[PDB]
Each structure stands twice: as structure tokens, then as C-alpha cells.
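To start, the structure under review is shown below, and the notes come after it.
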4 protein chains.
Amino acid sequence: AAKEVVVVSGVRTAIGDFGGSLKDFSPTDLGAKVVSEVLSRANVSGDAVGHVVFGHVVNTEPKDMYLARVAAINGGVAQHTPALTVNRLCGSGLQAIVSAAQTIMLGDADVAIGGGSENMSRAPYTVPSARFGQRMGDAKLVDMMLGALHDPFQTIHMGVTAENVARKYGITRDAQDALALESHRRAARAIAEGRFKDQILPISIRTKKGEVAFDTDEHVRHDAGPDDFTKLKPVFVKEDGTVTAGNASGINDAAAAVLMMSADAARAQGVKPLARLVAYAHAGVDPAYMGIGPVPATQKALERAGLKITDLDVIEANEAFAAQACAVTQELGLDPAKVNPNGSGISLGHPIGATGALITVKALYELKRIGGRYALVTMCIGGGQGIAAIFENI
Amino acid sequence: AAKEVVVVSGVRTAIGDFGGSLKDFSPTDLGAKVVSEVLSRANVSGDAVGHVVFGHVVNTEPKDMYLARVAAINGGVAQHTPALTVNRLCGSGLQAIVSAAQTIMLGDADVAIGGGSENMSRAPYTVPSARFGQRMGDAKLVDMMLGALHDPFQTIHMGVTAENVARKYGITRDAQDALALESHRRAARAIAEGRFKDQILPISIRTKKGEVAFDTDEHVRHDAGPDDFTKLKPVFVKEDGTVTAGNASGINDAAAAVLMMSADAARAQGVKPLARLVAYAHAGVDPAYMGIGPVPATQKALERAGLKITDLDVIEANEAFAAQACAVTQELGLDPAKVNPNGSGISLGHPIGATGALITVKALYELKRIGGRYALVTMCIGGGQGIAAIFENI
Amino acid sequence: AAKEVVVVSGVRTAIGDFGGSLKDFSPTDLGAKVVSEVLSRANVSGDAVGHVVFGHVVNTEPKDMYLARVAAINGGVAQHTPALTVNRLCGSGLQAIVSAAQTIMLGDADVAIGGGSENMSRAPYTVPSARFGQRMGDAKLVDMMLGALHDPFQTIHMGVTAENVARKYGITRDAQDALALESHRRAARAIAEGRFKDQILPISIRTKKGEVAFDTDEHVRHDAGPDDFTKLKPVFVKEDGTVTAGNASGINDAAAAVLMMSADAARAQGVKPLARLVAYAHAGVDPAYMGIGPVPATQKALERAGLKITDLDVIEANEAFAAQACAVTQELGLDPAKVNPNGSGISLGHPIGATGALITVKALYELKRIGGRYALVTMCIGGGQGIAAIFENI
Amino acid sequence: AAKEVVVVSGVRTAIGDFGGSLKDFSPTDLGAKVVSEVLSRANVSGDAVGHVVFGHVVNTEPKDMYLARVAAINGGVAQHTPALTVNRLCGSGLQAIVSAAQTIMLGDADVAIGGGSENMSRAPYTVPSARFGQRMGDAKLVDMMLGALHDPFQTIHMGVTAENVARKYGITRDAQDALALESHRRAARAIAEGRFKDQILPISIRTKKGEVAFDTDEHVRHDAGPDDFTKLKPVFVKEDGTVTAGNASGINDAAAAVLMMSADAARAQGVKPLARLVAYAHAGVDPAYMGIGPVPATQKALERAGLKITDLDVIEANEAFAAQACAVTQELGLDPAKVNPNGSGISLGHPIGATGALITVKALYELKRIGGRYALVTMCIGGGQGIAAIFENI
Ligand SMILES: CC(C)(COP(=O)(O)OP(=O)(O)OC[C@H]1O[C@@H](n2cnc3c(N)ncnc32)[C@H](O)[C@@H]1OP(=O)(O)O)[C@@H](O)C(=O)NCCC(=O)NCCS
Ligand SMILES: CC(C)(COP(=O)(O)OP(=O)(O)OC[C@H]1O[C@@H](n2cnc3c(N)ncnc32)[C@H](O)[C@@H]1OP(=O)(O)O)[C@@H](O)C(=O)NCCC(=O)NCCS
Ligand SMILES: CC(C)(COP(=O)(O)OP(=O)(O)OC[C@H]1O[C@@H](n2cnc3c(N)ncnc32)[C@H](O)[C@@H]1OP(=O)(O)O)[C@@H](O)C(=O)NCCC(=O)NCCS
Ligand SMILES: CC(C)(COP(=O)(O)OP(=O)(O)OC[C@H]1O[C@@H](n2cnc3c(N)ncnc32)[C@H](O)[C@@H]1OP(=O)(O)O)[C@@H](O)C(=O)NCCC(=O)NCCS
């Protein structure tokens, strides 16, 4: 059978706004920071890592094509450790954790790091006609960030597919704005109570007034009221719209990682771990309805884990859009109180490549806060996919 | 225990030159072409695939961040099938096959496609300052292609690391120029004898004189002689150089894929498969000496396989540079007559993201040609890694 | 002999900061605004213009290569009127007035408009390798604004040539900072007293809070003290520097124009004019010492006008850098109280293409304010030239 | 009265094709080459020039904003000589000669150089959003070359205005294709008989096979036949088109200049001059019908000269398009045998900024060949203008 996978430690950066506090920090620099910190938290030497896998979507510079390896080397991992970068769009952060856990499951490693890093502020523009020239006539600089946010089959913004899901699953504008407001209020309460303090790695963000610590998710609106969302206009469709900038996730920069070990290696070392991996699952859906990808994925994961929806104490389902997050919770029969108890993409931000690993850290630290047992981590994926994993607090 | 993985079908495109026959075919276009073909050759319904994994390094357009999912859908694979894009630099092609095989080993799927697709001719230029502006002073147009060919730690071209490998392991200029010539002559013989016909998928390359079929690797030199390589000057160092444009691999475009099944699912379908997966391994090395990555990876793969170097009847060890290929064969004690019997990167080309899956097709089709048992597939990886897999003809 | 040239009317925009209030107004849009306004002020029909000449240096868009014609047509001038764009770097605004006055002098026209328009905020970046491609290796986006500010022979910033002039003519740092401070104080007093109100054409600058009138030169610092300039560091040389951002002119956007007529046409119409043209002169100097170009140019103009330095009641000599503005006033023996009585480039800004015509408007309105008789307008020119003109209040 | 202006010397480069022999020679390079030559041919010290004026439209690099001053200095003209760059679109070349002649007419100088220089192959692409950023969404790479060929009011290609001129003045496709063929045959005859030898300055164009002299206009078709033009399709309109790539001028690179002196200064130096300036004129017309600009300009020039159309022994009327050239000759009543006797824009090419000074050299050298008296030089101007000058052989 497959070896049991133990998550011993995890960390994330605070989530920077588009063009915000982390705009000057490359994805490989952010990746290396979290790599070094999860090693310290796990009490694991950099020379004892079997594998490193990182999620990452939008290459910002040539270094990013070496992202996992640069994060590992510059994070203190010995050069004998293999490093892999994976891209499953917004599921990449969780895919990296799954892929790294697979090396432990199959016996290829006893220690593996899974994380994700993304800086969308530094997303580049490309010039397709630069290498061989344009000769005559205007050309274009292609926004690679917005291009990533476009379905590659119908060439529509991800927000259009959110309208398809809202229309198909009866998600009203009022319901979307209700989730968006509650998300900000939840994240604001978490920040005020310090629920993220232990899981966040402060970053010193060199300013002209001196070095200041960036350690709080800056997308959150702490004074949000219902009218703040009702006044906004739809942004992705010109007719019968419901998805606004207020009930859509943000564009952000961040990194996160977890350190995993085989159960035997965790016993022998005597670590006090966060959680163990129970199961994971994938799913594909209609690209035009990608927002409900988490629904099947989550159903297969519960089947694999032999669990039910009522057994989930904590649920981290990324709020890409309130339109799809409502449909996901509605289709699975989840309790909105247990789903994203401290906010999510709408309030804290959506650093696409790192989100999957970022909200895994959130789920595991929330289990420790409430003494819960099981946590579900799931998110939708552009192109029409879903990914889900279940962890057990131990 | 882990499930046994069977390779039932495989195919590759002809390798196009930089700015050559496939310059107008995007990576997703090439990816879908090979996805549909592996399904046909294996006689597998697109509704019966459990996972698709594609290796790919240099994003040429937004669509490329969805490459695996676009190649699958447009290749005829149902939308319920998950799709993953992996980046392990030049090992990406073989990593995609490994990652796909792992879904079968772990019981997450009983059918999986693994391949790679790269079009370096379409490699873009980026403008890091385009999003938020430059304000004042000249900015740069970054060559993402050349940037991908630079070690991210010392910012040196991969050819510089090839010189380090030559100096450390005593590979002479005459030794490099010998392998380069032979590689070209082995490929010319292979194309003359038609050894590549079955494994290659032709592509109609819409010319102004009518449609013509591109089905022959165009980087080969059929009239090569020893003088053809001696006259060239070193390219990557100003002093005591040995790597030239002739003894170094080319910059090429191509795609390839293989369809794999569980041993039970292949038994149940009556498919006549190519080979079965014996073992795989990864390794990390000094980034400055990334060229000898295949050595520890090949040794580890043989340990897992319980085999020796002398049991390998076919070896596809990518000729990234003659400097490192000679050292690889040298340090492993391989028979050069069994290594790259029909050429490799120097002669056929190096479509980095697709090479790993491309030479796997070669190795398996060569095993059927000579009636052999075991084949090794290995290649070096920028940043200091190596990957290796062993297959058994059946 | 040559016909006498009468300046009947003139106007300028307020001077916008780099990336400031006029950043959204193209050079042709600003040019057309002033063209229409000088026609109204002169009581001249757009169908009665013999010639239009505009100064302009940095093309921001294709339209700018048609600048004079677009400003004329869109300004209300009939299509039967010829339009010319001239480029003498920072002397272009005054060159346009000279060139237009020449058509009257030679009898080719009885009515001509001379002005200048420049928006340096909208200065573009070029891609020299875009048309025919780069193939491989990084390229560059060329800052055309900074390129304009570089001597084309030694490829040094204009500020380096200002250091050459300060060194050769004994202009201390303290003296440069003394002129810079006094310039801001003079411009602030002029703004507070309303000396520019009549000569400025307000522009409604569409903001999200509503439409607000832009009618005040926004580069001026109204609370400047001596320490504000002493604390600044040299900006153009690494050793023995004196030229700072504080004692150097600004980079700005603006437009200006004057309407001129033959003396006979002015008599017949019965206009109440601003001034008449007395003489003009050009000069070339060492490019490395371009800052003292005004010295000879001004000497030849006084010779042509048969006047002396003591006969000048008003002097508008552009403050490109305090380094050269001090040397100019020192070499000519001018009274600093009569030179730039209401500030200049350092405080009000330097919209290079429009500056020449802009400060002509300033000089003529200042003559009316003090009841003076003669005004000198001169400025230095990158590449090593000077230009000067003398007007008489009538 | 006004002083008499004498043309003592002139020279032009061979006209290079778009991306042809002069693609590597910047406009300032070509400008300096012709400046030095006119000085030599006239035997005038570079210390004795009073003004330099150059026409130039499309800035290819920062240096081009200094074009007149760079061509002068690097051409051997002393640094005390002022230098001016003028832009009247395709009339820039003749405008530079007019502006230079005006310095002599007004007594500001007794020696002046007037020319033009354009390299459209090096015409750049701009990024208007590069300075302050795009933030989100695709931006454009603006073709400054094609943009310069667009009317700035209706944003239509100049060829569209040629269709308007053809429709309004009844110029048939067969009439346009006839002028195009003849223009090519006249040029071929001129090159065969060596008519251009004296007036052309050869340029060694550093090739990989050794240096070769580029001294022959390369846009001409020496084997042209009526069928060569009938087979081409209209290029600028989808319906009822008549302007083709064959009957329209080309996109070319070249430079030219002339050295002029006051009649008294030429008398005092014993120079044997080419011709003297009789008169010049400007005109404005409907931008949509800019092609007939030469008609009112030529009529006005003849009035000032006190001459008739029948006194003109040579006419260089630029063939911007056969559609407008036919109408120009038609509305003026000119003898097509006297118009462009050795070809023009269609056959020889159209280096827009240099054309005006280029065909002036042609007209004067043709007057010496046929022993004639009066020559007319005229051309249309984008945006709706025309310029014309008359010279007298002496
Ligand atoms: C929706 C989207 C296009 C908005 O882009 P944006 O304009 O840059 O968003 P911003 O927050 O910077 O500003 C939007 C405006 O709404 C306002 N706004 C946003 N959220 C608000 C809130 N909760 N309350 C009140 N106002 C709000 C902003 O203040 C801002 O107003 P301003 O311009 O006057 O300052 C972008 O955020 C987006 O695409 N999000 C989803 C991305 C995605 O596809 N993720 C993955 C999908 S699987
Ligand atoms: C080496 C490299 C820089 C050469 O770039 P290139 O100039 O575009 O290569 P080209 O084949 O187009 O031209 C090189 C010249 O050598 C010549 N040449 C190359 N191979 C030759 C041969 N076997 N015999 C004779 N001449 C040869 C070419 O004809 C060409 O000459 P030409 O310009 O007169 O036509 C590039 O191919 C490279 O980077 N290779 C290694 C890439 C890499 O890092 N792969 C991954 C490493 S793990
Ligand atoms: C000198 C130059 C390079 C400065 O560029 P800049 O950095 O964009 O100038 P800015 O005003 O935007 O900012 C410079 C800094 O000096 C400070 N500064 C400028 N003038 C100041 C003053 N009078 N008092 C106090 N501080 C001042 C600014 O506040 C700013 O500080 P900050 O960054 O903390 O906000 C540029 O203005 C220049 O080149 N000027 C001359 C151009 C020229 O060649 N003209 C034609 C020559 S013939
Ligand atoms: C008309 C125009 C758009 C053509 O652009 P182009 O495609 O680059 O021109 P090219 O000569 O390179 O190619 C055109 C095609 O027609 C053909 N052609 C052109 N002239 C021909 C002739 N006299 N006989 C036969 N064929 C001819 C070319 O061979 C070429 O065919 P190919 O591609 O198979 O080789 C461009 O030249 C133009 O804009 N001309 C007018 C410019 C202008 O506005 N000047 C100022 C106006 S005041």
C-alpha cells in the first residue's frame, strides 16, 4: 500500500495587493523565503529534503522557469534535491502539495516540500512579433496576466464563466454580495484576533522611511458595509450582470509552503506535526462552468477518504467569485459557517499560483485553533477542473 | 504495492528547426495533434482517459499556461479528464510521463497520457516594465528563450556549464566533434533506412506552393564530414573554449506523447503495447555541472530496477552538448554503440520541453527494431538535475 | 526692404508637471487649443491666416508628424493655410515664431501664427528591433525623452554640458542654488499677484470629481527656502557635481502661440497689438558648452537691432540649468533683476518645444505690465546653438 | 528688395528600397555624407556656412531630433553654424531648401545648405504606454512609419486620398498603370544612359563579400511590361479600387542636399553654379484630396515668377501615386514628356523626407543635360498641402 503522508509544518506570506507591498519581490525570492521558514519550523536540515515541488502560473522573468529549484537552492535546500514546478492554473498550489506528497506515498522520498509562489503585480507583457519582426502595421503587447484569466477555448474572462455558473445555479446578486461582505468581516475579525499571526512569515519591505514589517493581508476592507457592494456595477458582461469587482477575488502576490514527511520519518524524529493527508481527488468539468469544478472533486475526495460532508470541521474553498463559491457550497450542502471561517479570495486575495498551498496552511492552522479533526481544501481551475484534498488534525 | 504501468502507444512530430517548418504551429496546436494520435494508435476513446500531463517550459502565449488542458480538449479528450502542465526544464518531457505513470501507480487512474510540447521559435520577448511603466531611462526586451538557457544562479549560458563538465571530466574538442559527426551520420542513416517513419506524425505545413507533409527531422546534416566541425569556433567562452554551434544541440520545435494504461486495463482491452515501466529516478547536482545529471539519476534508476548497465540494450541520453554527453557515457561506462543509435540533440534537435517525451518514443521504437529488452531514457537538466527512466520491451 | 512684423496677440497654457495635469492632452490637442485662442484674441478669422508654424521636438504619436497642420485645422484655421513643424530642440518655440515672421517679412503672407507644443509626459519609448526582429538576445526600449536630453556627439545628458559651463565660467553651487530659489520665489509672487492670468488659457481637466480648471503653473514651489536646494545632491556627474534636480529645469507639458501680422495689415484692421519684432539672431557653439549659446546669439540680435544691453527692460532667458543661466547673465552683463522677473524653467518648467513661444508670451505681457519698451527672448539649444529675438512694446 | 539665391552644388544618394542597401545607414549618417559632398563639389570651407536646414519626418532614434545639427557637424560644418530640422511631410526636402534660401534672401547668411534625409526602413515602433504603464489589458506597438502615411483627420492611408483624387478627376486604372510603366522605362533609360552618374554619391555598403558601391536606384524595374501592372489588385480600398502596389510610390531611404549662396558671394568666389532660385509657393487643400496640392502651389509659383506653364523645360512632380500625378499633370496642362523625364516616386522611390531635395537635384542636373532654362519642382503633402519651386539654369 501507499505510505502515510504527515504535514509537519507550514507557513505563508501575507497577501500583497496588485501593485502593493510585495510588488518588488520576485516569485523566486518569495518562494525561497517560505522554503527556508518551513524548514526552520519543522526542525529539518536543508540537506535532508527528498523533493521540492512548487506551483506557479505566470512566469515573470527567466528565473521563474526554474522556480522550484531557485526557491529550494536559495531557501537553503541542498543541491542534491530535485525540484519541480507544476501548473494547474489556480489549483497549482494544492497540486504542488499533492505532487510532493506523491513522492512520499510511492517511497521515492521521506521528506518533501510542497508550496506555491505567485506575484501577479510583476506579471509581464509579451511581444510575439519581437523575435522575427512585424515589418509593417501595428502589433500588440500581450498582457500575460489577463491572458491567464481568459478561458483558452472561448477566450472569455474567468468572470464570464462565473456568470454562467450563477445563471445555471440560481446565485442572485444579493447572495453574491452577502458572501463578499461576510468574507471581509470574517478576515477582519481574524486579523484583529491574531488568527494568522503564527502562520504568516513577516517580510521587511524596505521603504524610504525605513524598513517596515509586512505581516497583514492588505486586501481586506475592515469597515465594509452592505452598500459598499450594492453600489458597484457588473464588470464582465454588459447585460444581466451580477459579478462585480467587489464580489470577485482580487489579483495578488504571495507564497506559501508546507513540509511533509513519511509517517515513519515523523515518528522517528518525534515531530509535533500539523496534520496528516487523508485523501485527494481531481475532476474535469465544462470549461464554461469551471466554477463548480470543486463540487465533483470534493465528492471523489470524500469517497476516497470514506468520509461525509458532516465530518468536515473546516473547509477552505477558494472564493474565486462569489458566483461560483455560492454554487459550490450550495451543491455540496455545506454549512457557510464552516466554509472559509476567516475569509478567502474575495477579502484576503487570490495569488493564483500560491493560493492552493496558502489556503492549505489556513485550513491546518484553523483546525488547531478550534481543535477540529478534518479539513477540506478545494478550489476551481480555469479550463474546467477542480482539485480537493482532505487533512486530519493530529 | 504499486500498480504496473504499460505503455501502449506513442508518437512524435518531426523536429523543426529554429524558425523552420513548425514555426507557425503553437505548442498547444502541436500538443493536440499528438494527443489525438496516441488515442488513435492505442484505440482508446477520449472519454476513457484519467489524466493528461504535458511538459513545457517557455510560454509563448496565454494559452500555454493551459497547455496540458488545451492539448487534451482539442486532442479529443473528454472534459472530465484532469490536465497538468509540468516544468522540470529539459526533463519536462520525461517528467510528464513519470507524473502520468504515477496516477496509474497510485490507482488514481487506469489510463493516462504523458507528453511534451515546445516551440522555441515562438518563444516571446517580455517587457517587465510595461505594466507599471519605466518612467525614465531605457528598458529591456527580455529574450525568454535565451533566458531559459541561462543558469539562474550564476547567470551563465548552459554552454558554459558544458565547458565546466568538459574541463572537469577531460572531454577534448576532438572528442566532442567526433560524437557530433557520428550523431549526424547515425541520424542520416536512420532517416535513409526509414527508422523514424512509424513513430513520426506528419504535419501538413500549408505553404504557398500547396500543402506539403513535414515528416523528416530537418536539423540533420546528411553530408557532414569531420572538417564540417573542426572549422567552427567556440561559442560560449572567449578563452580555452571547446563547445561550438556544431557539437552543441540545436534550438528546435516539436511535440510528443505516450498513452499509458494499468497492466489490468491493458490486459482487458487486448492492446499490443510497446513496453512497460520498470523504474525511474531523479537527481540533483552542482548547477555549474548540470551536464552530468544523468549519471546519478541513471545509477539510482538501475538500483530500483535491479539491473546493471550491461542489461541496457538501448540508451537515449540526450546530447544537450557533446561535452556533457561524452562525460555521461564516460562516467557510466556505456557502450557508445548502444547510446543514441540514431542520433540525438546535436543532430536531430532539442525541443527542450518535448525532448524528454520525444526520446522515450525513440527508445521504445528502437527496442522493437532490434528485438531488445531494456531501454534507458535520461537527460540533464538546467539548474543542476537529472532524470532517468527504464522501460522493458514486451 | 523687409516688411515690419507686428505681434497682435498671444497666449499660453499653464505648464503641467511631468505626469501631471496635462498628461492626458496630446501635443496636437494642446496646439489646437492655443491656435483657436490667439485667433479669438486677435479678432482674426480662421480663414485669414497666411501661414502656421509650430515648434515641436519629441513625437508622441503619428499625428505629431503632422503637428502644425493638425493644430491649425483643429484650431479653426482654414484648410487653404500652409502649416509647418520645425525642430531646433529647445529653441523650437522661438524658431517657429521667427520662421512665421519670416513669411511676413518676405511678403509671402500678411498673417501668420507661430507657436510651440510639447507634452513630455507622453514622450514614447521606441523599439528599434521591432520591425525586422531581434532573433536572439535581449533588446532595448529606447526612452525618446531622455534620448532627446542627450548630446548626440558625446552622448552625455544636457546636465553634463551644464557642468562644463559652470566649471568654465566659475558658477558656484551656491550661486546656482541662489538663482533657483529666487526663481521659485519670483514665480510664486507672480502667481499670487495674478501676473499670468491674462496670458494663460485655462484647460478643463476632466477629473473623477468633476471638471476643474487647470490655470496655474504647477511646478512652482511656493514655500521654498534656501535649505530645500542645499540638501539636494548632484544628479549628472559622480565627482565635483553642482547641478541638482533643484537647480535644473523641469520636464513639462504646455503649448503657446502668437498671432503676427504685417504692419500694414495691423494698421488697416486697427488692432491694439502686443509688440513689434525688432530683430532676431542665431548662433552655434561647442556642443559641450551649449549653455552659453544665448551669449553670442543675443550679441548679434542687439547688433541687428542697433541696441545695447542697457536698453532691455525685460529679458526672458530660459533657465535650462542655473549653471548656464548664471553664465549667460554674467557673460552679457545683465541685471539679474531684469532677467526672468517672474521665474522661468527651474520654477515654471521647461516644455522644451513650446518654451520658446511660451516665454515670448511672458516677455510681451511683462512689457505691458511695467510699461517697458524692449524685451529680449533667448534660450540655449542642445547640440550647441543659441537663438535670440528682440521685441518692442507698442 | 530680397537678395538673389544661387544654387552652386547639389548631390543625392542612390535611393534604397525598404529593407534594402541603405537599411543600415541612419538618417544622420546619410545626412552627413551629403553635407560633406556638397561642400566639396562647391569648394566651400565648412567654416563658411551660415545656416544648415534639413527636412526629415520619421525620427528613427534620439539622434534624429538633432538631425540637421548632426549632419552638419559630422559633415564638416563648423560648430558656429546654426542647424534646423523642418517637417512639412513629403515637402520637407524642398521646404528645407526654401527655408535655407530664405536666410540668404533676408541677409542672415550668404552661404546655406538645404537638404533632406529619410530612412523608412529604420522607422521605429513606439509604445505609448511604456512610460507610465498599461496596468491591465493588451497595448499596441505603433508603427510610426505606417502612422506617418495616415491622414491625421480621417485616419486613412494616403492611398485612400489617392483614390478620392482619381474618382474626382477621372483618372482610370489604365491611365495610372500607363504612367507607372513609363516611369519605370524612363528610369531604366536614365540609368542605362548614365544620366544619374554625376548627381549620385556612391556609398560603400560593407557586405560580407567585401565592400561594394551602392550607386544605382534599386527600386526600378528594367524589364517592366504592361502586363506587370495589370495583374496587381487595388491595395487601399475593398471596392472600386485603382491604386496598386505597382502604380504607387515605394517606401525608400535616401538623402540629398544643395549648397546655396547669395549672388554676390557666388560672384566673388568664381563658382560655376547649377541654377538660381526664381520663386516658390505653398498651398493648402482638402486633406482628403491632398494629391492635387501641387496644382495651386505651381500656379502661385508661376505668378510670382511671371512665367507660364509653357516656359517650363523640366518638371519634377513627385509621383506619390499615379492617381494623383496624372491629375496634377491633367489639371495644370503639362506636357507629360517634360514631366519626370527620368521617372519619379513610382520607379525611383519615395524617401519622403528627402524626396523634395532629391528631385530638386534631378531637375537641375536635367536642365544641364538638355540645355534648358526653367525647371519646376513640386510635390503633394499629406494633410492637404503642396509646395512648388522654380529654378533657372545658368
Ligand atoms: C474584477 C477585476 C477586473 C477588478 O480589477 P481592478 O479595477 O484592478 O480592482 P480594484 O480593487 O483595484 O478597483 C476597482 C474598484 O472597485 C472598488 N472596490 C473593489 N472592492 C470594493 C469593495 N469591497 N467595496 C467598495 N469598493 C470596492 C475599488 O475601490 C476600486 O474603486 P476606485 O477605482 O475608485 O479606487 C479584477 O480584480 C479581477 O479580475 N478579479 C478576479 C480575477 C480572477 O479571474 N481570479 C481567478 C478566477 S478562477
Ligand atoms: C549554439 C547556439 C548558440 C547556436 O546558435 P545559432 O547561431 O542560431 O545556430 P545556427 O545553426 O543557426 O548557425 C550557426 C552557424 O554554425 C554553423 N553550423 C552549425 N552546425 C554546423 C555543422 N554541424 N557543420 C557545419 N556548420 C555548422 C551554421 O551553418 C551556422 O552558419 P551560417 O550562419 O553561415 O549559416 C544555439 O544553437 C544553442 O544555444 N545550442 C545549445 C542550446 C541549449 O542550451 N540546449 C539545452 C541545454 S541542456
Ligand atoms: C534633473 C532631473 C533628471 C530630475 O528628474 P526627477 O527625479 O523626475 O525630478 P522630480 O522633481 O520628479 O524629483 C526629484 C526629487 O528632488 C526633489 N526636488 C526637486 N526640486 C526640489 C526643490 N526645489 N526643493 C526641494 N526638493 C526638490 C523632488 O521632490 C524629488 O524628491 P522625491 O523623489 O522624494 O519626491 C530632470 O528634472 C531633468 O533632467 N531636468 C533638466 C532637463 C533638461 O535637460 N532640459 C533641457 C536642457 S537644455
Ligand atoms: C503600396 C504599398 C502598401 C506596398 O507595400 P509592399 O507590399 O511592402 O510593396 P512590395 O514591393 O515590397 O511588394 C508588393 C508586391 O507587388 C509587387 N509589385 C510591386 N510593384 C510591381 C511592379 N511594378 N510590377 C510587378 N509587380 C510589382 C511586389 O513584387 C510585391 O510582390 P511579392 O511580394 O511577390 O514580391 C507601399 O509601397 C506604399 O505604401 N506605397 C505608397 C506610400 C506613400 O504613401 N508615399 C507618400 C504618399 S504622398
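Every number for a ligand or one of its atoms is a count from 1 in the order of the listing. Below, each value reflects all heavy atoms present in this structure, side chains not excepted, and no hydrogens, waters or symmetry copies. A, B, ... follow the sequence lines: proteins, then strands. Residue 1 opens every chain.
Shown here, atom 13 (O) of ligand 4 is out of close reach of the protein: none of its heavy atoms lies under 4.0 Å off. Within a 4.0 Å radius of atom 35 (O) of ligand 4, the protein contributes no non-hydrogen atoms. Within the 4.0 angstrom cut-off, atom 28 (C) of ligand 4 has no protein heavy-atom neighbours. For atom 32 (P) of ligand 3, no protein non-hydrogen atom is found at a distance below 4.0 Å. For atom 40 (N) of ligand 4, the nearest protein heavy atom is under 4.0 Å away. Inside a 4.0 Å radius of atom 10 (P) of ligand 4 there is not any protein heavy atom. For atom 18 (N) of ligand 4, the nearest protein heavy atom lies 4.0 Å away or farther. Protein heavy atoms are found less than 4.0 angstrom from atom 44 (O) of ligand 4.
Below 4.0 Å from some heavy atom of A:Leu149 lie the following atoms of ligand 1, by number and element: 42 (C), 43 (C), 44 (O). Shown in contact with D:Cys90 at under 4.0 Å from a heavy atom are these atoms of ligand 4, numbered in order with element: 48 (S). The D:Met290 neighbourhood of ligand 4 comprises atoms 48 (S), with distances under 4.0 Å to a heavy atom of that residue. Close approach of ligand 1 to A:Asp228 is summarised as follows: ligand atoms under 4.0 Å from at least one heavy atom of the residue are 24 (N), 25 (C). Counting the atoms of ligand 4 from 1 in the order shown, those under 4.0 Å from a heavy atom of D:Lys231 are 25 (C).
The protein heavy-atom contact nearest to atom 6 (P) of ligand 4 is A:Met136 CE, 4.8 Å. Annotation: atom 23 (N) of ligand 4 to nearest protein heavy atom, D:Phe229 CE2, 3.2 Å. Nearest protein neighbour of atom 26 (N) of ligand 3, counting heavy atoms only, is C:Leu232 CD2, 3.9 Å. With hydrogens left out, the protein atom closest to atom 16 (O) of ligand 1 is A:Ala245 CB, 3.9 Å, a heavy atom. Among protein heavy atoms, atom 38 (C) of ligand 1 sits closest to A:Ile251 CD1, 3.6 Å. The protein non-hydrogen atom at the shortest distance from atom 48 (S) of ligand 3 is C:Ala320 CB, 3.6 Å. Protein heavy atom closest to atom 21 (C) of ligand 4, with residue, atom name and distance, is D:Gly246 CA, 4.1 Å.
Considering only non-hydrogen atoms, atom 46 (C) of ligand 1 lies nearest to A:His350 out of A:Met158, A:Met379, A:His350. By heavy-atom distance, the residue among B:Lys208, D:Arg221, D:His184, D:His219 lying nearest atom 22 (C) of ligand 4 is D:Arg221.
At a heavy-atom distance under 4.0 Å, only side-chain atoms of A:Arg135, from C-beta outward, approach ligand 4. Only the side chain of D:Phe321 comes within contact range of ligand 4, with a heavy atom under 4.0 Å; no backbone atom does.
Within a 6.0 Å sphere centred on NZ of D:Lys231, heavy atoms belonging to other residues, nucleotides or ligands number more than 12.
The shell of residues lying under 4.0 angstrom from ligand 3, judged by heavy atoms, excludes C:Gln324. Under a 4.0 angstrom heavy-atom cut-off, C:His157 registers as being in contact with ligand 3. Put simply, part of A:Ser249 is less than 4.0 Å from ligand 1, judged by heavy atoms. At least one heavy atom of A:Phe236 lies less than 4.0 angstrom from ligand 1.
Atom-to-atom distance recorded for D:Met290:CE and D:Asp151:CG is 9.0 Å, nearest 0.5 angstrom.
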